[PDB]
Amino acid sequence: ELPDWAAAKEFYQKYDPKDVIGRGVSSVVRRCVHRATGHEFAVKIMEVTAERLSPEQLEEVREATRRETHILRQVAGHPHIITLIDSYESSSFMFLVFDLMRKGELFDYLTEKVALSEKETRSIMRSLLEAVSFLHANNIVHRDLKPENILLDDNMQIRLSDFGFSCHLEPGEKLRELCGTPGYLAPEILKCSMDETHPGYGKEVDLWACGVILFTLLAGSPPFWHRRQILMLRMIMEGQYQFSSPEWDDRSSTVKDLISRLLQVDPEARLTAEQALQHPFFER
């Protein structure tokens, strides 16, 4: 609601933006320094009018970013969720100040390490499921859990980010919007988006994505993939995945049981985040 000159003035007067650590379609993520203290943060600068869109499409983008910042303020404080430290909002742009996560995305870490150990995977998954359990208890569904949306610090501590697809979900109520990354989508989202008669989806979709993340961290490859995206959709919907002999050889049966219980096609038969956390995998 601030004029553009005010949001820009207030941000640049209080913060010193530094090197670019990430880029998006209508945004850039930069390291920044709080001038008065010398303390470091990360700033996401969203350019709301950077894309050519109809006035209706533009108000959709504005309403969605409002939905996101509201959710970010609700969950600010949780140790394994990104903290919105400060915000400068105007009609044309949004300056969102967050925690600086110095080891970047979990995705880039996985690329470097190829595949992670069960010890390091346990630590990441526990933190992730704790964050998901908190969101769920507060009736928030993330709707885009993936290694690209999980950030790391120098102590290898994770913080869940990118709440652009997140929304509130009243207990009992169901969603239908197709959003998220195809490889991480639960069967009920696909069934739902292809068949209008399908009842819809809930918070269980996050736990299917957790199952996909868990598999990918250990295997170094996703459980469902194909050259042709349409053939990937039946493997997801039929829950067709395998613990292939070369990479899944020395992996415990305990983690395979956890993946099996998270990668459950029936959302009613699927583990909740609280259930997943009391799984023996996390009992060390």
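One rule holds for the numbers: they count along the sequence shown, beginning at 1.
The PDB entry records a higher mean C-alpha B factor for 187-195 than for its counterpart among 187-195 and 143-151. According to the PDB record, 170-178 carries the higher mean C-alpha B-factor of the two stretches 70-78 and 170-178. In this structure the maximum Cα B-factor among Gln229, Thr37, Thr216, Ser26 is found at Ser26. When the modelled residues of the chain are ordered by their C-alpha B factor, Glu89 lands in the lowest third.
Annotation for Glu204: CA B-factor lies in the middle third of the chain's modelled residues. In the deposited entry, the Cα temperature factor of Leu233 sits in the middle third of values across the chain's modelled residues.
Remark: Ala7 belongs to the lowest third of its chain, ranked by C-alpha B-factor as recorded. The deposited CA B-factor of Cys210 belongs to the middle third of values across its chain.
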